[PDB]
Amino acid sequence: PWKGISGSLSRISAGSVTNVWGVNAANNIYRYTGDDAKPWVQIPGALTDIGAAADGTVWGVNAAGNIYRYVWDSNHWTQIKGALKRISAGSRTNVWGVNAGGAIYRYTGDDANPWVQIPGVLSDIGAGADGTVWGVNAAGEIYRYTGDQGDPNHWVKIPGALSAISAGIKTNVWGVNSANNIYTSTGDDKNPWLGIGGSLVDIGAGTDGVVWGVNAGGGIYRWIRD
């Protein structure tokens, strides 16, 4: 079930139990501390979406579409040229975004030439440490990336409808639909989703299995198995 955690957030991303970040409605940025008694520390800056990876990589975008990577020093963030609306970092080497037109981009590893457009149209995306990438489009159709596995069409459609998706590793894929219903991937593409009790508007599914979410009213939860 979900454990309620104090605080208020609008979006959230979890790469591992030790690297969990979110933004609130005012665009303040927070990082989870590891202590549920005082779970959040505000990190300076302003973001509207964030992607945090198991390896410590953190990327964000702001209201204007400006893109940032955390540099783990007193400068805090560095702006990376281009414009994005949503972003997910599975690792240093697997960072993806969606711009305001729905175009899909992948970080090239070159800050001087940082993005290559990957064919397709999405509204949210979730990238993993192992190369896993899932997305959803504005109508809720769900896709898994195949463009690095020889598929000239780049994406395979997986049945169902979701509005937010996260995939920190191949085996930890979660999403929510437009009515806030929570789902997790079964690993069977022909019976792909299990409904999970609860209600969320965004979700972050980590490489080590950690799952965090936020609901419509800004309430924050972590998934508890044991």
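Note that residue numbering follows the sequence shown and begins at 1.
Higher average CA B factor: 185-193, of the stretches 185-193 and 53-61. The PDB entry reports B-factors from which the mean C-alpha value can be compared for 147-155 and 79-87; the larger average falls on 147-155. As recorded in the entry, 71 carries the highest CA temperature factor of 121, 125, 71, 95. The residue among 46, 169, 37, 176 whose C-alpha carries the highest B-factor in the deposited model is 37. In the PDB entry, a CA B factor belonging to the lowest third of its chain's modelled residues is recorded for residue 133. In the PDB entry, residue 161 places in the lowest third of its chain by CA B-factor. Placement of the Cα temperature factor of residue 200 within the chain: middle third of the modelled residues, per the deposited record.
When the modelled residues of the chain are ordered by their C-alpha B factor, residue 224 lands in the highest third. Among the modelled residues of the chain, residue 23 sits in the lowest third by CA temperature factor in this PDB entry.
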